[PDB]
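[1] Experimental coordinates for this protein are included below, preceded by the sequence.
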Amino acid sequence: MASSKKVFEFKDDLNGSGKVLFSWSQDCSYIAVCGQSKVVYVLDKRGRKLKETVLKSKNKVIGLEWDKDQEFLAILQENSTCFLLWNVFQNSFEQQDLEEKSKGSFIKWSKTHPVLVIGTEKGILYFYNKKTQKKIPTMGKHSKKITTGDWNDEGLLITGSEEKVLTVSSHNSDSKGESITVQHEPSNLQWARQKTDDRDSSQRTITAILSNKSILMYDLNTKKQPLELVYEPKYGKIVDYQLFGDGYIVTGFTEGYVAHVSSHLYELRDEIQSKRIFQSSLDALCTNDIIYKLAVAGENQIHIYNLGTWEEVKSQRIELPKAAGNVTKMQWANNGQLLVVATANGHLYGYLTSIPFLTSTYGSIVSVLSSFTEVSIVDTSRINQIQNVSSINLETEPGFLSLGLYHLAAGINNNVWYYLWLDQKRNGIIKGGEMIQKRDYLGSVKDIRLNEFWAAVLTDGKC
């Protein structure tokens, strides 16, 4: 059992005490962080600074987002008259103005298409096209300050304003749906694939939070009215809710209570499951469907939870420092390998949770990466028991692994490492891995194969 490893810890010395915004790259490689020190800096997955920058204004960052190509970071500050696109690789500034000297209130990039929406306090929505860097204004969609916004995989912008109005805009700036009359203020916009038996339904459901008290549901298929899912007074005001699996909702509340409901309309009205986690207060919660874990933060600790049987995973519980305060934001990678923590006092933490290890097999012999710094070869000759593993040291972490009768091949992008046991003949005593030859290629290593006396390397166009 590999416990949660605190790989990197950063304090308010470089982040700033307050509500910190951290953004994952879509390839789950580089992690951008900015809090109250106005410093936006990107770290590697293990916590090494790569590119650092400082904003011109002293306003707190209210919006930080990676673009679709993971090349530009969009940053909007507290009531700023402009916003900044920062090329991380080029480390280059470009400032986009807000028309009529409007105060910045919301920004969000289309996670699949090159469209960036900026909403101001006047209700005007500006659509920024990156391929031509052109602005399309839309006035009158919202009559008050825009409060919440989100994007879908299809790239449909959902925006909820103070006038209890939800509006959806497409890529061509076409409004998908008229002004929706909802009971109370919508917030925490999210796009969900609703639980339907027919498995040909696209992800189009809009799930939001009403007045920080209820959960609002909206669907497109049959033009059904938005539904106000009400929660018990013991729950109180909602802290947050997360969507997991094929359309299910898990929500946390102020008294350490958590509720699990199925997004199916026939089963949404009644709470399917309820559980008590904390007794004083709750900080936040987040889900990961690939690694199948629910992380609920409270009282400066992280509780890991199962979602099928809902067993409390005590093994992966994390004890956060007290000075961090109530946790404000929490997110894994898209694959769920590494988890990033931002709290109300500017603290930033990185923990190792899943990191699945690669396995490749030759005849009756398999390989297990185990820790990233080494690779253990595993013998499965006998039945019901496993022979002794043999550890081989590594410096670079490959994404491809291949096993032969004697050699072991470890391949990362355009780099190949080879290892051998003893020197041909009969193995007998097994020796440590030897760096026989470091191989480099002009192209990427698509696939690696190794019989015994020869080896084959694949590149995007040539073997």
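    Looks like it came in fine. Numbers count the residues shown, from 1 in each chain.
[2] how about the strands of the stretch 101-250 of the chain, start to end?
    For the stretch 101-250 of the chain, the strands defined by DSSP state E, counting those that start in this stretch cover 104-109, 115-120, 125-129, 134-138, 146-150, 157-161, 165-169, 180-181, 186-192, 205-210, 214-218, 227-229, 238-244, 248-253.
[3] For the ones you listed, give me JSON lines that also has mean neighbour count.
    No exception for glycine: its C-beta is placed from N, CA and C like everyone else's. Formatted as JSON lines, the strands of the stretch 101-250 of the chain follow (neighbours: other Cβ atoms under 10 Å):
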{"stretch": "strand 104-109", "mean neighbour count": "22"}
{"stretch": "strand 115-120", "mean neighbour count": "25"}
{"stretch": "strand 125-129", "mean neighbour count": "20"}
{"stretch": "strand 134-138", "mean neighbour count": "14"}
{"stretch": "strand 146-150", "mean neighbour count": "21"}
{"stretch": "strand 157-161", "mean neighbour count": "25"}
{"stretch": "strand 165-169", "mean neighbour count": "22"}
{"stretch": "strand 180-181", "mean neighbour count": "14"}
{"stretch": "strand 186-192", "mean neighbour count": "20"}
{"stretch": "strand 205-210", "mean neighbour count": "24"}
{"stretch": "strand 214-218", "mean neighbour count": "21"}
{"stretch": "strand 227-229", "mean neighbour count": "17"}
{"stretch": "strand 238-244", "mean neighbour count": "21"}
{"stretch": "strand 248-253", "mean neighbour count": "23"}
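[4] mind putting those in TSV, distance to residue 407 included?
    Shown next, in TSV, are the strands of the stretch 101-250 of the chain (distance: least, Cβ to Cβ, whole Å):
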stretch	distance to residue 407
strand 104-109	46
strand 115-120	49
strand 125-129	51
strand 134-138	55
strand 146-150	50
strand 157-161	53
strand 165-169	56
strand 180-181	63
strand 186-192	48
strand 205-210	51
strand 214-218	56
strand 227-229	59
strand 238-244	43
strand 248-253	47
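[5] what's the closest of these to residue 444?
    Evaluated over the strands of the stretch 101-250 of the chain, closeness to residue 444 peaks at strand 104-109, with 27.3 Å, by Cβ to Cβ.
[6] From residue 26, how far out is residue 457?
    28 Å (Cβ to Cβ, to the nearest Å).
[7] So those two - more neighbours on which side?
    Just comparing residue 457 and residue 26: by other Cβ atoms under 10 Å the higher neighbour count belongs to residue 457, 19 against 16.
[8] any idea how far residue 59 is from the residue lying closest to residue 145 once chain neighbours are set aside?
    Distance criterion Cβ to Cβ, 6 or more residues apart in numbering; nearest residue to residue 145, sequence neighbours excluded, is residue 121 at 4.2 Å. Noted for residue 121: a distance of 14 Å to residue 59, by Cβ to Cβ.
[9] can you list residues touching both of the two?
    Counting by Cβ atoms under 8 Å, 6 or more residues apart in numbering, the residues touching both residue 121 and residue 59 are residue 79.
[10] you'd agree residue 100 is in a strand?
    No. Assignment of residue 100 by DSSP: H, G, I helix; E, B strand; the rest coil gives helix, placing it outside any strand.
[11] residue contacts, it?
    Counting by Cβ under 8 Å, 6+ apart, residue 100 has contacts 122, 124.
[12] rerun that using 10 Å as the cut-off
    81, 120, 122, 124, 137 (Cβ atoms under 10 Å, 6 or more residues apart in numbering).
[13] Who does the last one form a beta bridge with?
    Spelled out, it's residue 137. Applying DSSP bridges to residue 137 gives these bridge partners: residue 126.
[14] these two touch, right, it and residue 127?
    Yes. Using Cβ atoms under 10 Å, residue 137 is in contact with residue 127, at 7.8 Å.
[15] and for the two, which residues touch both?
    Residues touching both residue 137 and residue 127 (Cβ under 10 Å, 6+ apart): 118, 173.
[16] measure residue 117 to residue 216 for me?
    21 Å.
[17] wait, I meant residue 416
    Where residue 216 is concerned, residue 416 sits at a distance of 53 Å (Cβ to Cβ).
[18] And for residue 377?
    54 Å.
[19] ok, now residue 65?
    Counting by Cβ to Cβ - residue 65 and residue 216 are separated by 24 Å.
[20] Could you find the closest non-adjacent residue to residue 393?
    residue 374 (5.5 Å).
[21] Let me know how buried the residue nearest to residue 145 is, in neighbour terms.
    Neighbour count of residue 121, defined by other Cβ under 10 Å: 15.
[22] contacting residues around it?
    79, 102, 103, 104, 105, 106, 144, 145, 146, 162 are the contacts of residue 121 under Cβ under 10 Å, 6+ apart.
[23] What backbone torsions are found at it?
    For residue 121, the backbone dihedrals (degrees, to the nearest 10) come out as phi -70, psi -10.
[24] That one and residue 135, how far apart?
    Counting by Cβ to Cβ - residue 121 and residue 135 are separated by 18 Å.
[25] List the buried residues of stretch 257-275.
    257, 258, 259, 260, 261, 262, 263, 268, 271 (16 or more other Cβ atoms under 10 Å).
[26] That stretch: end-to-end distance?
    6 Å (Cα to Cα, to the nearest Å).
[27] Report how many residues lie close to the closest residue to residue 447 other than its chain neighbours.
    Using Cβ to Cβ, 6+ apart and skipping the chain neighbours, the partner closest in space to residue 447 is residue 458 (4.0 Å). When neighbours are counted by other Cβ under 10 Å, residue 458 registers 17.
[28] I figured residue 458 hits residue 443, correct?
    Yes. At 9.3 Å, residue 458 counts as touching residue 443 under the criterion of Cβ under 10 Å.
[29] Let me see the contact set for the residue nearest to residue 447.
    400, 411, 441, 443, 444, 445, 446, 447, 448, 449.
[30] isn't there a strand covering residue 267?
    No. With three-state DSSP as the criterion, residue 267 is located in helix rather than a strand.
[31] What distance do you get for it to residue 205?
    Counting by Cβ to Cβ - residue 267 and residue 205 are separated by 14 Å.
[32] Distance of the nearest residue to residue 241 once chain neighbours are set aside relative to residue 243?
    Leaving aside its sequence neighbours, residue 241 sits nearest to residue 251 (Cβ to Cβ, 6+ apart; 3.8 Å). Using Cβ to Cβ, residue 251 is found at 10 Å from residue 243.
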